[PDB]
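As provided, structure15.cif (mmCIF, C-alpha atoms and all ligand atoms) reads as follows.
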data_entry
#
loop_
_atom_site.label_atom_id
_atom_site.label_comp_id
_atom_site.auth_asym_id
_atom_site.auth_seq_id
_atom_site.Cartn_x
_atom_site.Cartn_y
_atom_site.Cartn_z
CA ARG A 1054 -35.56 31.90 42.93
CA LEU A 1055 -33.61 29.13 41.18
CA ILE A 1056 -35.33 28.69 37.79
CA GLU A 1057 -34.41 32.18 36.51
CA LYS A 1058 -31.26 32.17 34.38
CA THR A 1059 -28.70 34.90 33.78
CA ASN A 1060 -28.90 38.01 31.61
CA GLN A 1061 -25.15 38.17 30.91
CA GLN A 1062 -24.27 37.75 27.23
CA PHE A 1063 -21.27 35.55 26.40
CA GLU A 1064 -19.39 35.57 23.09
CA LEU A 1065 -17.36 33.04 21.19
CA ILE A 1066 -13.72 33.08 22.28
CA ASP A 1067 -12.62 29.90 20.47
CA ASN A 1068 -13.17 28.98 16.77
CA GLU A 1069 -14.22 25.26 16.88
CA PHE A 1070 -13.77 24.94 13.10
CA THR A 1071 -10.24 26.56 12.97
CA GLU A 1072 -7.94 26.29 16.07
CA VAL A 1073 -6.75 29.40 17.99
CA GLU A 1074 -3.04 29.88 18.93
CA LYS A 1075 -2.11 27.06 21.31
CA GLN A 1076 -0.90 29.17 24.26
CA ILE A 1077 -4.03 31.33 24.58
CA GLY A 1078 -6.05 28.24 23.67
CA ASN A 1079 -4.59 26.33 26.62
CA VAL A 1080 -5.18 29.36 28.87
CA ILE A 1081 -8.83 29.51 27.70
CA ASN A 1082 -9.28 25.75 28.22
CA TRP A 1083 -7.80 25.89 31.74
CA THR A 1084 -10.01 28.87 32.64
CA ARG A 1085 -13.14 27.15 31.29
CA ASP A 1086 -12.38 23.94 33.20
CA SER A 1087 -11.84 25.91 36.42
CA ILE A 1088 -15.08 27.86 35.87
CA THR A 1089 -17.12 24.73 35.17
CA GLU A 1090 -15.58 23.03 38.22
CA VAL A 1091 -16.72 25.99 40.34
CA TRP A 1092 -20.20 25.89 38.80
CA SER A 1093 -20.51 22.10 39.19
CA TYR A 1094 -19.57 22.34 42.88
CA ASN A 1095 -22.07 25.20 43.32
CA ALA A 1096 -24.78 23.18 41.55
CA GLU A 1097 -24.23 20.08 43.71
CA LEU A 1098 -24.13 22.18 46.89
CA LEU A 1099 -27.28 24.13 45.96
CA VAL A 1100 -29.23 20.96 45.11
CA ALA A 1101 -28.20 19.35 48.42
CA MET A 1102 -29.11 22.50 50.41
CA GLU A 1103 -32.55 22.94 48.87
CA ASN A 1104 -33.40 19.23 49.17
CA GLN A 1105 -32.41 19.17 52.86
CA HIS A 1106 -34.23 22.46 53.52
CA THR A 1107 -37.38 21.17 51.78
CA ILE A 1108 -37.40 18.00 53.90
CA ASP A 1109 -36.78 19.97 57.11
CA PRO B 49 -31.84 20.84 16.88
CA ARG B 50 -32.24 23.99 14.73
CA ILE B 51 -31.26 27.65 15.37
CA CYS B 52 -34.32 29.51 16.83
CA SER B 53 -34.48 33.12 15.62
CA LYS B 54 -37.79 35.02 15.76
CA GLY B 55 -37.74 38.79 15.42
CA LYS B 56 -33.94 38.97 15.23
CA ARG B 57 -32.33 39.48 11.83
CA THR B 58 -30.31 36.41 10.74
CA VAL B 59 -27.56 36.02 8.13
CA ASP B 60 -26.63 32.46 7.13
CA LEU B 61 -23.14 32.45 5.62
CA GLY B 62 -23.29 29.32 3.50
CA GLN B 63 -19.89 28.90 1.72
CA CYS B 64 -18.89 32.32 3.09
CA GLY B 65 -16.83 33.39 6.08
CA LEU B 66 -16.99 36.44 8.32
CA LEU B 67 -13.58 37.61 7.11
CA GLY B 68 -14.74 37.15 3.52
CA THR B 69 -17.42 39.81 4.02
CA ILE B 70 -14.65 42.43 4.18
CA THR B 71 -12.56 41.20 1.24
CA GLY B 72 -15.36 39.91 -0.99
CA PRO B 73 -14.73 36.60 -2.74
CA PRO B 74 -17.37 35.35 -5.22
CA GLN B 75 -18.74 33.16 -2.42
CA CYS B 76 -19.37 36.30 -0.31
CA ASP B 77 -20.97 38.62 -2.88
CA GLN B 78 -24.39 38.69 -1.20
CA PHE B 79 -23.09 39.65 2.26
CA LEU B 80 -20.90 42.62 1.29
CA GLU B 81 -23.19 45.08 3.10
CA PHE B 82 -25.06 42.62 5.32
CA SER B 83 -26.93 43.59 8.50
CA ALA B 84 -28.06 41.23 11.24
CA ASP B 85 -28.56 40.73 14.96
CA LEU B 86 -27.41 37.09 14.69
CA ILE B 87 -24.61 35.91 12.39
CA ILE B 88 -24.07 32.20 11.70
CA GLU B 89 -20.78 30.75 10.47
CA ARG B 90 -20.60 27.36 8.77
CA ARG B 91 -17.84 24.77 8.56
CA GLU B 92 -17.99 24.91 4.76
CA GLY B 93 -17.24 28.64 4.70
CA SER B 94 -13.91 29.66 3.16
CA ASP B 95 -12.51 33.12 3.82
CA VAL B 96 -10.29 33.48 0.73
CA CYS B 97 -10.53 32.54 -2.93
CA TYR B 98 -6.78 33.03 -3.95
CA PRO B 99 -4.61 31.03 -1.53
CA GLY B 100 -3.96 33.07 1.65
CA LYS B 101 -4.88 33.89 5.28
CA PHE B 102 -5.66 36.67 7.70
CA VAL B 103 -3.00 37.85 10.13
CA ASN B 104 -4.60 38.14 13.60
CA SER C 217 8.85 36.80 0.31
CA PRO C 218 8.96 35.03 -3.07
CA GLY C 219 9.31 31.29 -2.63
CA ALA C 220 7.87 27.96 -3.67
CA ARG C 221 5.00 26.62 -1.56
CA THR C 222 2.51 23.78 -1.79
CA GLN C 223 -0.29 23.90 -4.35
CA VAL C 224 -3.63 25.01 -2.90
CA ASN C 225 -6.44 25.87 -5.38
CA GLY C 226 -4.01 25.62 -8.30
CA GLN C 227 -1.96 28.66 -7.22
CA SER C 228 1.49 28.62 -5.62
CA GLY C 229 1.48 32.31 -4.71
CA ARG C 230 -0.12 33.36 -1.44
CA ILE C 231 -1.58 36.52 0.09
CA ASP C 232 -1.69 37.99 3.61
CA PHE C 233 -4.44 40.32 4.81
CA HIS C 234 -3.60 42.71 7.65
CA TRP C 235 -6.09 44.95 9.43
CA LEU C 236 -6.23 48.00 11.68
CA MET C 237 -9.09 49.69 13.54
CA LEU C 238 -8.72 53.43 12.59
CA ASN C 239 -9.92 56.02 15.21
CA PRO C 240 -12.96 58.35 14.52
CA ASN C 241 -10.46 60.83 13.19
CA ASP C 242 -7.11 59.29 12.25
CA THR C 243 -5.31 59.42 8.91
CA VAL C 244 -3.96 56.17 7.48
CA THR C 245 -1.14 56.29 4.93
CA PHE C 246 -0.18 53.53 2.48
CA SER C 247 3.31 54.18 1.09
CA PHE C 248 4.10 51.09 -0.98
CA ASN C 249 6.67 50.09 -3.60
CA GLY C 250 4.69 47.07 -4.81
CA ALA C 251 3.10 43.76 -3.77
CA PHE C 252 0.18 45.72 -2.33
CA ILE C 253 -3.51 44.79 -2.43
CA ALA C 254 -5.31 48.07 -1.85
CA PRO C 255 -8.82 48.17 -0.34
CA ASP C 256 -11.51 49.52 -2.64
CA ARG C 257 -13.84 50.58 0.20
CA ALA C 258 -13.55 51.01 4.02
CA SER C 259 -15.62 49.05 6.55
CA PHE C 260 -17.68 50.61 9.34
CA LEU C 261 -19.46 48.82 12.18
CA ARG C 262 -23.24 49.15 12.41
CA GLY C 263 -24.39 48.10 15.89
CA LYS C 264 -24.26 45.24 18.27
CA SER C 265 -25.05 41.58 17.71
CA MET C 266 -23.87 38.03 18.41
CA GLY C 267 -22.04 35.45 16.33
CA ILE C 268 -22.59 31.69 16.51
CA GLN C 269 -21.10 28.68 14.75
CA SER C 270 -23.33 25.70 13.95
CA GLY C 271 -24.11 23.17 11.26
CA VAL C 272 -27.90 22.99 11.49
CA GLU D 105 8.48 27.62 23.15
CA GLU D 106 5.66 27.45 25.70
CA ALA D 107 3.02 26.13 23.29
CA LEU D 108 5.44 23.45 22.09
CA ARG D 109 6.20 22.58 25.72
CA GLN D 110 2.47 22.17 26.39
CA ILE D 111 2.13 19.95 23.29
CA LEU D 112 5.07 17.82 24.42
CA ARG D 113 3.63 17.61 27.94
CA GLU D 114 0.46 15.97 26.63
CA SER D 115 2.38 14.24 23.83
CA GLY D 116 2.59 10.86 25.50
CA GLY D 117 5.81 10.34 23.54
CA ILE D 118 7.11 11.21 20.10
CA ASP D 119 7.33 8.95 17.05
CA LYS D 120 9.97 9.64 14.41
CA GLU D 121 9.41 9.11 10.68
CA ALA D 122 12.28 9.60 8.25
CA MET D 123 12.04 12.80 6.24
CA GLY D 124 14.14 11.82 3.20
CA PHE D 125 15.51 15.17 1.95
CA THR D 126 18.49 14.27 -0.24
CA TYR D 127 21.01 17.07 -0.80
CA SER D 128 23.49 17.35 -3.68
CA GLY D 129 26.84 19.13 -3.78
CA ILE D 130 26.69 20.92 -0.44
CA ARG D 131 27.96 19.52 2.84
CA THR D 132 25.35 18.35 5.34
CA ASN D 133 27.30 17.16 8.40
CA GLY D 134 27.96 20.34 10.41
CA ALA D 135 30.50 20.77 13.20
CA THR D 136 30.63 22.89 16.35
CA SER D 137 32.68 22.59 19.53
CA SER D 138 29.94 23.55 21.99
CA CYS D 139 27.60 20.69 21.07
CA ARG D 140 29.72 17.43 21.69
CA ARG D 141 28.38 13.78 21.24
CA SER D 142 32.09 12.90 21.01
CA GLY D 143 34.72 15.42 19.72
CA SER D 144 32.78 17.97 17.53
CA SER D 145 29.11 17.22 16.67
CA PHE D 146 25.75 18.90 15.91
CA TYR D 147 22.16 18.00 16.84
CA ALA D 148 21.30 14.37 16.18
CA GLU D 149 17.90 15.17 14.69
CA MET D 150 18.83 18.33 12.73
CA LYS D 151 21.28 18.70 9.86
CA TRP D 152 23.51 21.75 9.39
CA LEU D 153 23.68 22.76 5.72
CA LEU D 154 26.94 24.48 4.76
CA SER D 155 28.58 25.26 1.45
CA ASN D 156 30.97 22.73 -0.09
CA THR D 157 33.98 24.88 0.81
CA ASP D 158 34.50 28.13 2.69
CA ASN D 159 33.53 31.38 0.91
CA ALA D 160 31.52 29.55 -1.75
CA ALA D 161 28.08 30.03 -3.27
CA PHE D 162 25.11 28.25 -1.70
CA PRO D 163 22.63 26.98 -4.31
CA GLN D 164 18.94 27.68 -3.82
CA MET D 165 17.04 24.46 -3.08
CA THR D 166 13.40 23.59 -2.52
CA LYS D 167 12.57 20.52 -0.42
CA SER D 168 9.06 19.21 0.20
CA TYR D 169 7.65 16.70 2.68
CA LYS D 170 4.32 14.91 2.40
CA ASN D 171 2.31 13.68 5.38
CA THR D 172 0.93 10.15 5.02
CA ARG D 173 -0.35 9.09 8.46
CA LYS D 174 -3.71 9.86 10.05
CA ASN D 175 -2.18 11.87 12.89
CA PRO D 176 -0.85 15.46 12.88
CA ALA D 177 2.87 15.93 12.29
CA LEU D 178 5.31 18.13 14.21
CA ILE D 179 7.89 19.75 11.92
CA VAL D 180 10.74 21.68 13.54
CA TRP D 181 13.33 23.53 11.46
CA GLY D 182 16.05 25.99 12.38
CA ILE D 183 17.41 29.34 11.22
CA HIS D 184 21.06 30.16 11.92
CA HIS D 185 22.08 33.72 12.82
CA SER D 186 25.83 34.12 12.36
CA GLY D 187 28.04 35.79 14.94
CA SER D 188 29.46 38.12 12.29
CA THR D 189 28.88 38.97 8.64
CA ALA D 190 32.41 37.73 7.89
CA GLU D 191 31.50 34.38 9.46
CA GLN D 192 28.35 34.27 7.32
CA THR D 193 30.39 34.91 4.17
CA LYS D 194 32.78 32.19 5.36
CA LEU D 195 30.04 29.60 5.93
CA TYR D 196 27.34 30.40 3.35
CA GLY D 197 29.03 32.88 1.01
CA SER D 198 28.13 36.43 0.07
CA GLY D 199 24.63 37.63 -0.71
CA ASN D 200 21.36 37.96 1.16
CA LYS D 201 19.75 34.77 2.47
CA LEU D 202 16.03 34.01 2.67
CA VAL D 203 14.07 31.02 3.99
CA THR D 204 10.42 30.57 2.99
CA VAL D 205 8.22 27.95 4.67
CA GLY D 206 4.94 27.03 2.99
CA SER D 207 1.84 25.13 4.10
CA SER D 208 -1.93 25.16 3.68
CA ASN D 209 -2.46 27.15 6.89
CA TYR D 210 1.10 28.30 7.66
CA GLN D 211 3.44 30.79 5.85
CA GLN D 212 6.33 32.80 7.39
CA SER D 213 9.53 34.43 6.12
CA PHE D 214 12.91 34.28 7.84
CA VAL D 215 15.97 36.44 7.15
CA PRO D 216 19.17 35.71 9.13
CA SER D 217 20.75 38.61 11.00
CA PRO D 218 24.55 38.51 11.30
CA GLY D 219 25.72 40.48 14.31
CA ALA D 220 27.91 40.33 17.39
CA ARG D 221 26.27 38.98 20.55
CA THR D 222 27.42 37.93 24.01
CA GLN D 223 29.43 34.74 24.47
CA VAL D 224 27.35 31.79 25.66
CA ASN D 225 28.99 28.31 25.54
CA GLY D 226 31.97 29.72 23.63
CA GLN D 227 29.92 30.53 20.51
CA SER D 228 28.81 33.98 19.36
CA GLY D 229 26.47 32.69 16.65
CA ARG D 230 22.92 31.78 17.62
CA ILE D 231 20.10 29.63 16.26
CA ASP D 232 16.40 29.98 16.29
CA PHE D 233 13.99 26.87 16.06
CA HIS D 234 10.51 27.39 14.62
CA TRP D 235 7.75 24.79 14.58
CA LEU D 236 4.44 24.03 12.90
CA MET D 237 1.80 21.37 13.51
CA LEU D 238 1.18 19.86 9.99
CA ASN D 239 -2.38 18.49 9.29
CA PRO D 240 -3.01 14.69 8.67
CA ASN D 241 -2.53 15.42 4.94
CA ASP D 242 -0.75 18.79 4.40
CA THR D 243 2.35 19.33 2.29
CA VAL D 244 5.11 21.46 3.81
CA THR D 245 7.63 23.16 1.52
CA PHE D 246 11.07 24.45 2.51
CA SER D 247 12.40 26.82 -0.16
CA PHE D 248 15.61 28.22 1.30
CA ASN D 249 18.64 30.13 0.03
CA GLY D 250 20.79 29.34 3.06
CA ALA D 251 21.06 29.62 6.85
CA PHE D 252 18.68 26.66 7.15
CA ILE D 253 18.81 23.83 9.68
CA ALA D 254 16.77 21.07 8.08
CA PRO D 255 15.03 18.40 10.20
CA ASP D 256 16.32 14.88 9.69
CA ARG D 257 13.09 13.18 10.85
CA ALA D 258 9.48 14.32 11.59
CA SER D 259 7.79 14.04 14.99
CA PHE D 260 4.43 12.37 15.63
CA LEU D 261 2.43 12.36 18.85
CA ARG D 262 1.73 9.01 20.50
CA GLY D 263 -1.10 9.41 23.03
CA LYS D 264 -2.07 11.35 26.05
CA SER D 265 -0.14 12.03 29.22
CA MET D 266 0.80 14.72 31.75
CA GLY D 267 3.91 16.80 32.29
CA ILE D 268 5.24 17.94 35.67
CA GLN D 269 8.22 19.99 36.83
CA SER D 270 9.96 19.07 40.09
CA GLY D 271 13.37 18.70 41.67
CA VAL D 272 12.88 15.54 43.74
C1 LIG E 1 -9.31 22.95 24.18
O1 LIG E 1 -10.40 22.05 24.43
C2 LIG E 1 -11.19 21.75 23.27
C3 LIG E 1 -12.33 20.87 23.74
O2 LIG E 1 -13.14 21.55 24.70
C4 LIG E 1 -10.32 21.08 22.21
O3 LIG E 1 -11.10 20.92 21.03
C5 LIG E 1 -11.02 19.57 20.52
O4 LIG E 1 -9.79 19.32 19.81
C6 LIG E 1 -9.66 17.99 19.29
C7 LIG E 1 -8.29 17.91 18.65
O5 LIG E 1 -7.26 18.08 19.61
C8 LIG E 1 -10.79 17.70 18.31
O6 LIG E 1 -10.69 16.35 17.86
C9 LIG E 1 -12.14 17.92 18.99
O7 LIG E 1 -13.19 17.76 18.05
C10 LIG E 1 -12.21 19.32 19.59
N1 LIG E 1 -13.47 19.51 20.30
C11 LIG E 1 -14.24 20.60 20.15
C12 LIG E 1 -15.50 20.62 20.95
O8 LIG E 1 -13.93 21.52 19.40
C13 LIG E 1 -9.10 21.94 21.90
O9 LIG E 1 -8.21 21.24 21.03
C14 LIG E 1 -8.35 22.32 23.18
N2 LIG E 1 -7.25 23.21 22.88
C15 LIG E 1 -5.97 22.90 23.13
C16 LIG E 1 -4.96 23.95 22.76
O10 LIG E 1 -5.65 21.84 23.64
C1 LIG E 2 -9.72 63.86 10.12
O1 LIG E 2 -10.27 63.73 8.81
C2 LIG E 2 -9.83 64.76 7.91
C3 LIG E 2 -10.56 64.66 6.57
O2 LIG E 2 -11.51 63.61 6.61
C4 LIG E 2 -8.32 64.73 7.73
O3 LIG E 2 -7.87 65.78 6.88
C5 LIG E 2 -7.68 64.89 9.09
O4 LIG E 2 -6.25 64.79 8.97
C6 LIG E 2 -8.19 63.80 10.02
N1 LIG E 2 -7.57 64.05 11.31
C7 LIG E 2 -6.74 63.23 11.95
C8 LIG E 2 -6.34 63.66 13.32
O5 LIG E 2 -6.33 62.20 11.47
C1 LIG E 3 -1.08 12.95 1.70
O1 LIG E 3 -0.95 11.53 1.84
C2 LIG E 3 -0.79 10.85 0.60
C3 LIG E 3 -0.77 9.35 0.87
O2 LIG E 3 -0.73 8.61 -0.35
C4 LIG E 3 0.50 11.34 -0.06
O3 LIG E 3 0.69 10.72 -1.33
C5 LIG E 3 0.40 12.84 -0.26
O4 LIG E 3 1.57 13.35 -0.92
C6 LIG E 3 0.20 13.53 1.09
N1 LIG E 3 0.28 14.98 0.93
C7 LIG E 3 -0.69 15.83 0.59
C8 LIG E 3 -1.17 15.86 -0.83
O5 LIG E 3 -1.16 16.60 1.41
#
If you convert what's in this file into structure tokens, what do you get?
Amino acid sequence: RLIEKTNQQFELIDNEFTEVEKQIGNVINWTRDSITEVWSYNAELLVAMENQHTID
Amino acid sequence: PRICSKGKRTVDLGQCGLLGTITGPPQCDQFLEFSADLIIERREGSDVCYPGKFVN
Amino acid sequence: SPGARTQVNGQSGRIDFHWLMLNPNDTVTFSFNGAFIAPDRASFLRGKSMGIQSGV
Amino acid sequence: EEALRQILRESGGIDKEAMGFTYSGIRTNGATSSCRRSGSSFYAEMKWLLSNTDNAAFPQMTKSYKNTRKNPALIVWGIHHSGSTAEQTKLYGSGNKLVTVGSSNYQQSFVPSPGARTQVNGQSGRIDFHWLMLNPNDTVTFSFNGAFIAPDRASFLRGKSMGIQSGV
């Protein structure tokens, strides 16, 4: 169940070599930090759940 | 540490940019009518030969 | 806008490229009095793909 | 304004380096009643460029600044829109005015627009401020014919920080 990754295809939205406008760049950075905070919390919660469920 | 691409067409734009494929500098002569399923941009790629930029 | 700028690539004059995405049947008109860089050929998209940026 | 506000929120402070910019013939002091340090004054960090006398020709000048430090530079200039075309002929003289700003990755054209507006702070004329973030070694060029508010000093970022808005 867990090992399978996604099939959604993600594009580049930021040019690392040349900077994007600074307003939409800050919006993109804030959205990416919020998304990775959500995914980090989900990862920690999922690891704790499956470890506890394996022991039980 | 190297881009894996097996069975997908690959264009490596050394010294060329994506926006240069439309306008055609001397550095982008090979990729005027390019076709790929995976396009790679480099840091050394320059879009223009005469000084200038692309709006949007 | 004629005016003195900094020297990049030995040229003080500069150029701006603007783009539009014409519709499967739309007529574009270029009424110019000068300072125009006309396109030789149009550009048409081929399919789908992905674009990455790397230095490897 | 919002991108510059975000930059100044994580600026950590601003460091000022003297942009030399010597002017000949024309006045460079500027005077308005709305903006008062004491009596009549203008911005401390910007210089108003007028003609030597009223209804006189404004010479075309090109001024260039070079960046020498290892950090990006913040360059802020201004474009003055007169409250009337008669006021623009009084301040800068007759003829069309054009300001061209040049850089390696920045280029933009400004034309002042004389016209009547509403009265805010007792002045009908209005002023735009435009900004660029110069690169650790990029040369900015200010070729102007008039209606230009030149920066006295550049701005350099200091560190990191945060910016909050509150009323307590
Ligand atoms: C958004 O975040 C990225 C990092 O995720 C920032 O990119 C860095 O920018 C600094 C200069 O400010 C460079 O020294 C780094 O090399 C960049 N890192 C990467 C991975 O590109 C970007 O500047 C941020 N955007 C804004 C508007 O703050
Ligand atoms: C469609 O293309 C034709 C010729 O290629 C042109 O004459 C016609 O005006 C175009 N139609 C529109 C709606 O732009
Ligand atoms: C870059 O910095 C050097 C420092 O010596 C300076 O002379 C130069 O004018 C600056 N401007 C350029 C060329 O971008």
I need the chain A residues near chain B as a JSON list (two decimals) with C-alpha atoms, in the coordinates of the input; criterion: at most 12 Å, counting only C-alpha atoms.
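As written to disk, selection_14.json reads:
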[["chain", "number", "residue", "atom", "x", "y", "z"],
["A", 1064, "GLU", "CA", -19.39, 35.57, 23.09],
["A", 1065, "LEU", "CA", -17.36, 33.04, 21.19],
["A", 1068, "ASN", "CA", -13.17, 28.98, 16.77],
["A", 1069, "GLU", "CA", -14.22, 25.26, 16.88],
["A", 1070, "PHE", "CA", -13.77, 24.94, 13.10],
["A", 1071, "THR", "CA", -10.24, 26.56, 12.97],
["A", 1073, "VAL", "CA", -6.75, 29.40, 17.99],
["A", 1074, "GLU", "CA", -3.04, 29.88, 18.93]]
With 12 Å as the cut-off and all atoms listed in the file counted, what is the closest atom pair between each nearby residue of chain C and chain A? Distances in Å to one decimal, ordered by chain and number, as CSV.
residue,atom,partner,partner_atom,distance
C:264,CA,A:1062,CA,11.7
C:265,CA,A:1064,CA,9.9
C:266,CA,A:1064,CA,6.9
C:267,CA,A:1065,CA,7.2
C:268,CA,A:1065,CA,7.1
C:269,CA,A:1069,CA,8.0
C:270,CA,A:1069,CA,9.6
C:271,CA,A:1070,CA,10.7
(request) Might you pull out every residue within 10 Å of region 238-251 of chain C, with only C-alpha atoms counted and same-chain residues fewer than 4 positions away left off, and present them as a list in words? (result) residues 217, 231 and 260 of chain C
Atoms kept (C-alpha atoms) for selection, written as a PDB file, in the frame of the given file:
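After the write, result.pdb holds the following:
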ATOM      1  CA  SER C 217       8.850  36.800   0.310  1.00  0.00           C
ATOM      2  CA  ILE C 231      -1.580  36.520   0.090  1.00  0.00           C
ATOM      3  CA  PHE C 260     -17.680  50.610   9.340  1.00  0.00           C
TER       4      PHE C 260
END
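Proximal residues of ligand LIG 3 (chain E) are residues 222, 223 and 224 of chain C; 168, 169, 170, 171, 172, 173, 174, 175, 176, 177, 207, 208, 209, 238, 239, 240, 241, 242, 243, 244 and 245 of chain D, by a cut-off of 12 Å on only C-alpha atoms and all ligand atoms.
You can rank D:165, D:180, D:251, D:160 by their closest distance to residue 202 (chain D) using all atoms listed in the file, and at the top of that list sits D:251.
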(message) What does the list of residues within 7 Å of ligand LIG 1 (chain E) look like if you count only C-alpha atoms and all ligand atoms, written as a list in words?
(response) residues 1069, 1075, 1076, 1078, 1079 and 1082 of chain A
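CA of residue 185 (chain D) to CA of residue 253 (chain D) spans 10.9 Å [interatomic distance, one decimal].
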(request) Identify which of the residues D:230, D:182, D:218, D:211 lies closest to chain B, counting all atoms listed in the file when measuring atom-to-atom distances. (result) D:211
For chain B against chain D, which residues fall within 9 Å using all atoms listed in the file, given as a PDB file with C-alpha atoms, keeping the file's coordinate frame?
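Contents of the output file part.pdb:
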ATOM      1  CA  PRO B  99      -4.610  31.030  -1.530  1.00  0.00           C
ATOM      2  CA  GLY B 100      -3.960  33.070   1.650  1.00  0.00           C
ATOM      3  CA  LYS B 101      -4.880  33.890   5.280  1.00  0.00           C
TER       4      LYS B 101
END
(request) Identify every residue of chain B that has at least one atom within 10 Å of any atom of chain C, counting all atoms listed in the file, and report the result as an MDAnalysis selection string. (result) chainID B and resid 49:51 56:57 59 62 66:67 69:71 80:92 96:104
(request) Find the residues of chain D in contact range of chain C, meaning any atom within 6 Å when counting all atoms listed in the file, and list them as JSON, numbers by chain. (result) {"D": [204, 206, 245, 247]}
(message) Distance limit 12 Å, atoms considered: only C-alpha atoms. Which chain D residues sit that close to chain A? Return them as number ranges by chain.
(response) D: 105-111, 114, 209, 236-237, 239
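Interatomic distance, CA of residue 257 (chain D) to CA of residue 196 (chain D): 23.6 Å.
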(request) Using only C-alpha atoms, determine which residues lie at most 10 Å from region 126-133 of chain D, disregarding the query and same-chain residues fewer than 2 positions distant; provide the list as a PyMOL selection string. (result) chain D and resi 123-124+135+145-147+150-157+160-163+165+167+253-254
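Relative to CA of residue 1085 (chain A), CA of residue 1057 (chain A) is found at 22.5 Å.
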(request) Quick one: residues within 10 Å of (38.6, 26.3, 6.7) (file frame), counting all atoms listed in the file, please, as number ranges by chain. (result) D: 157-159, 194-195
